[PDB]
């Protein structure tokens, strides 16, 4: 019939974007079906090179040969802590306090620093990988871990309120300004035979927030 659009996304974006995005796309433009995939950045990129995926949705920085990049939107990071942990007193958190082993972060796509990548001068803080690298590919795992009170972590804005914990066992606090953020952008091959699909995708993504 009509060609489908094979779209990929990282684990820190996919589960928290697709189940809301895809139906809207099906509504405004059912002309194209979407083939949903969730994976890591490198394998996603490799699937983009081999044409297995038409386009991917990843967080900047992202620079690959013969691949275009349209910065879709800016997503701010919030912090997640158990109900007991004293940092509930603060209504805003210093970015440095998250540099002890209390912080839990996935191996790929979860780190909220050094991908914010400022274009002004940055202070090279002598760097301590002083956090725990959880070898999981799901933010929900760390959500449960922190909810138990086994540590604290950082979540993108899309993810924070996507759980079934009764209010007051896991709690989210906003950063102290300036707030750290990732730039959710779309990547697709140069000379991709169907630019219109890329435009429809990008547009429908950018306006996913607008209620109906």
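Positions refer to the first chain, counted from 1.
The deposited model assigns a higher average Cα B-factor to 77-85 than to the other stretch when 77-85 and 133-141 are compared. Between the stretches 149-157 and 53-61, it is 149-157 that shows the larger average CA temperature factor. Of the candidates 177, 68, 48, 28, it is 177 whose Cα B-factor is highest according to the PDB record. Ranked by Cα temperature factor within the chain, residue 170 sits in the highest third according to the deposited record. When the modelled residues of the chain are ordered by their C-alpha B factor, residue 1 lands in the highest third.
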